[PDB]
Each structure stands twice: as structure tokens, then as C-alpha cells.
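Values below: all heavy atoms of this structure, side chains included; hydrogens, waters and symmetry mates excluded. Throughout, protein chains are lettered first and strands after them, A, B, ... in sequence-line order, and every chain is numbered starting at 1.
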Amino acid sequence: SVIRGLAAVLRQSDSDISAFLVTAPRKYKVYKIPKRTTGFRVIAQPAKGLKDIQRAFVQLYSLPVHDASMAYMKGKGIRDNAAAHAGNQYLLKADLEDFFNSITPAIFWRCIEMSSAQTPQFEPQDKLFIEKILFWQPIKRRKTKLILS
DNA sequence: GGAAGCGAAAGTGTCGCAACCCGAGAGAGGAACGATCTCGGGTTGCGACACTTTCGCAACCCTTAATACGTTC
């Protein structure tokens, strides 16, 4: 079903979407961006074909997001985030470690299962395709390690 | 995640020294052997240190990226 939806949006055949997705987790270009002090960050960008599929997926399936989440939200940004705290005198900042690379298919599916608000329902057959759409395989030899980039 | 080279940490084995034991031997005391002391060789316990083994830092960025200027993750 996910495949049919994507094929319709991208005006492609079910077969060509399915074929592309077989090795989608490996279709990432890896490069370095300089840090502002010394050193580099390593970035993995999906190939163009995969980016299109990923955008289509996000368009087709609305996942719930809390109002406290300020990043990547339409009409919100760093100004809104800062303004939320401007009237208070005491401040605490905390950070999550390796945030994106900590999110695995296992976490994703657990969150789907646990979620209070109306999550899209996926057929078991679609779960494998979704994993291939959303998660990157950093290590060629280790097919079992999929993470968000 | 983890190349290649490197060294920290930690466990094990080696080996040389000191202390001890043993029998051999020249020959004090005084006039018959053999007292006392030292040579030379062997054993055993000890502990400092050499040797061995494992771990972990982080090169590379995989065929697969985009290019109007800034900010944030």
C-alpha cells in the first residue's frame, strides 16, 4: 500500500519503486563539513531518487508532533524558541547524545505502537519498505545496523 | 566502525642473588690424632623486572551531495 501511494505521488510504477527500495539504505553520499573551531562533522545525504521518495513519504503520512517541539516546524523557529524563555530568570539547558544516530527502526516502530495521537496504520508487509525509505546503513557488511541520518 | 601503529594496564615467568647446608681438608692443642675454620659445590626462597596479552585511540567517508546570502539542529 505504501508503494502504491508513493508510485501515485511520484508518477512511477509500483515495480520501479519497489526495485529502487531494495538497496535504498545504501544510497547515501558521505562527506565532511568543517566545524567553526577545528575539525569536521560527517554528513550522509541520500541520493536524489531516494530524497524524492522520502519527501513523498512525509507528504503522504502525517505523524504527530508536540507543540514544545520548535525545530523543523512550519512557521516556528529559533526566535520562537528563545522567546518562550525570555521572561524567566532561571535557565536550564540539556542535550541528548547522538540524537539522530540513536533512532533505530526498533525505536520507530515502538513509538508507532505506543503513540496516543492518531498514528497512520501500516500493514506488516509495508514495514520493511518503510525501514528502507527512512533509515541509512552506514556499514556495508552489517545489514542489521540501520539508523537515522 | 575501526586502518596502522602505538602504548597503558595488567597478569605471568625468569633468573640472579642471599642465606643456608654439607663434606673435604690442613693440621691447633701439644706429641696422638684430628680442633677450628675456610674452600667449593649444591639447594631453596624471594622479589624485581622482563615478557606477554588485551584494549582502544580514530585514518577513511564507501557509486550514490549541492552550490543567492544569513541563522539554528
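- For the strand neighbours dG27(B) and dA28(B), base stacking is absent under the 5.5 Å centre-distance and 30-degree plane-angle rule.
- Rounded to whole Å, atom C1' of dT63(B) lies 12 Å from atom CZ of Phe20(A).
- Spacing between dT63(B) and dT72(B) at atom P, rounded to whole Å, works out to 34 Å.
- Residues passing the ring-ring contact (aromatic ring centres under 6.0 Å, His included) test with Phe122(A), sequence neighbours excluded: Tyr61(A).
- Screening residues 89-108 of chain A for side-chain hydrogen bond (donor to acceptor under 3.5 Å, both in side chains) gives no qualifying pairs among residues at least two apart or on separate chains.
- Anti is the conformation of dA8(B), whose glycosidic angle sits further than 90° from 0.
- Between the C1' atoms of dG11(B) and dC60(B), the separation comes to 35 Å (whole Å).
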Donor-acceptor pairs under 3.5 Å, side chain of residues 33-50 of chain A to any protein atom, not counting sequence neighbours: which ones?
residue, atom, partner, partner atom, Å
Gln45(A), OE1, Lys51(A), NZ, 2.7
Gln45(A), NE2, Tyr31(A), OH, 3.3

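- Only the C1' atoms considered, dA28(B) is 11 Å distant from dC37(B), to the nearest whole Å.
- Not counting sequence neighbours, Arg4(A) has no partner by the salt bridge (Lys or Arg N to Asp or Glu O under 4.0 Å) test.
- Within residues 137-149 of chain A, the residues approaching DNA chain B are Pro138(A), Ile139(A), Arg142(A), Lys145(A), by heavy-atom distance under 4.0 Å.
- For the pair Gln54(A) CD and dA65(B) P, the interatomic distance rounds to 12 Å; values are reported in whole Å.
- Rounding to the nearest 0.5 Å gives a distance of 12.5 Å between CD1 of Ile112(A) and CZ of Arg110(A).
- Rounding to the nearest 0.5 angstrom, the gap separating the CG atom in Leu10(A) from the CD atom in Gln59(A) is 10.5 Å.
- Straight-line distance from the OH atom of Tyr31(A) to the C1' atom of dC62(B): 15 Å, rounded to whole Å.
- The six-membered rings of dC49(B) and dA50(B) are stacked: centre distance under 5.5 angstrom, interplanar angle under 30 degrees.
- Distance CD1 (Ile43(A)) to P (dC60(B)): 17 Å, rounded to an integer number of Å.
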Both atom distances under 3.5 Å, Watson-Crick or G-U wobble: I'd like the secondary structure of DNA chain B as a dot-bracket string, with | for pairs made across strands. (...((((((((((((((((((((((..(...)..))))))))))))))))))))))..).............
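- Nucleotides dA3(B) and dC62(B) place their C1' atoms 14 Å apart, quoted to the nearest Å.
- Judged by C1'-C2'-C3'-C4', the furanose ring of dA35(B) adopts a south pucker.
- The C1'-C2'-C3'-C4' torsion of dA4(B) is negative, which assigns its sugar to the south, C2'-endo side.
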side-chain contact (heavy atoms from CB on, under 4.5 Å) between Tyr28(A) and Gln137(A), intermediate numbers included: CA-CA 9 Å; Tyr28(A) 284 72; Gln137(A) 186 183 319; over 6 Å; no
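- Comparing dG23(B) with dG34(B), their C1' atoms are spaced 16 Å from each other, to the whole Å.
- Under the side-chain hydrogen bond (donor to acceptor under 3.5 Å, both in side chains) criterion, the residue pairs touching residues 12-22 of chain A are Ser13(A)-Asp16(A), with sequence neighbours excluded.
- Nucleotide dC60(B) carries a north sugar; the sign of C1'-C2'-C3'-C4' is positive.
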Which donor-acceptor pairs under 3.5 Å do side chains of residues 123-133 of chain A form with protein atoms, sequence neighbours excluded?
residue, atom, partner, partner atom, Å
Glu123(A), OE2, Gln125(A), NE2, 3.2
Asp126(A), OD1, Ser1(A), N, 3.2
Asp126(A), OD2, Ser1(A), N, 3.4
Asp126(A), OD2, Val2(A), N, 3.3
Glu131(A), OE2, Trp109(A), NE1, 2.7

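- Distance check: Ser149(A) OG to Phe100(A) CZ gives 8.5 Å after rounding to the nearest 0.5 Å.
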For a quick test of your reading: what N or O donor-acceptor pairs under 3.5 Å do the side chains of residues 65-84 of chain A make, sequence neighbours left out?
residue, atom, partner, partner atom, Å
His66(A), ND1, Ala68(A), N, 2.8
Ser69(A), OG, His66(A), O, 3.4
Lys76(A), NZ, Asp67(A), O, 2.7
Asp80(A), OD1, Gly77(A), N, 3.2

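- In this entry the distance linking CZ of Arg26(A) with P of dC61(B) reads 14 Å, nearest Å.
- In terms of position along DNA chain B, the nucleotide closest to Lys32(A) lies nearer the 5' end than the nucleotide closest to the other residue of the pair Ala47(A) and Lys32(A).
- Under the 3.5 Å distance criterion, the side-chain polar atoms of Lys140(A) are left unmatched by any main-chain donor or acceptor of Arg26(A).
- Pucker annotation for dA59(B) reads north, on the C3'-endo side, since its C1'-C2'-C3'-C4' dihedral is above zero.
- Taken together through direct or relayed side-chain contacts under 4.5 Å among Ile, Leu, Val, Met, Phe, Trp and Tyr, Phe99(A) and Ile147(A) form part of one hydrophobic cluster.
- Listed in residue order, the members of residues 56-67 of chain A having a heavy atom less than 4.0 Å from DNA chain B come to none.
- Nucleotides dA35(B) and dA26(B) are separated by 16 Å at their P atoms, to the nearest Å.
- Closest approach of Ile103(A) to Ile107(A), counting heavy atoms only: CA-CD1, 4.1 Å.
- Because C1'-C2'-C3'-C4' is positive for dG70(B), its sugar is assigned to the north class.
- Between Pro64(A) and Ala117(A), the shortest heavy-atom contact is CB-CB, 3.9 Å.
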So if I define the base as every atom that isn't primed, P, OP1 or OP2, how would nucleotides 66-73 of chain B read as a B/S/- string at a heavy-atom cutoff under 4.0 Å? S-----BB
Kindly give the atom pairs (protein nitrogen or oxygen, nucleotide nitrogen or oxygen) under 3.5 Å for nucleotides 55-59 of chain B.
none

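- Rounded to whole Å, the P atom of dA65(B) lies 16 Å from the corresponding atom of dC61(B).
- Under the side-chain contact (heavy atoms from CB on, under 4.5 Å) test applied with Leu148(A), the options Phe108(A), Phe135(A), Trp136(A) reduce to a single match, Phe135(A).
- Atoms CG and CG, from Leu134(A) and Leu146(A) in turn, are 10.5 Å apart once rounded to the nearest 0.5 Å.
- Between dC39(B) and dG27(B), the two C1' atoms lie 15 Å apart (nearest whole Å).
- Pairing each heavy atom of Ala56(A) with each of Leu6(A), the nearest pair is CB-CD2, 3.7 Å.
- For the OP1/OP2 pair of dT64(B) and a distance below 4.0 Å, the side-chain nitrogens and oxygens of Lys29(A) include at least one atom meeting the criterion.
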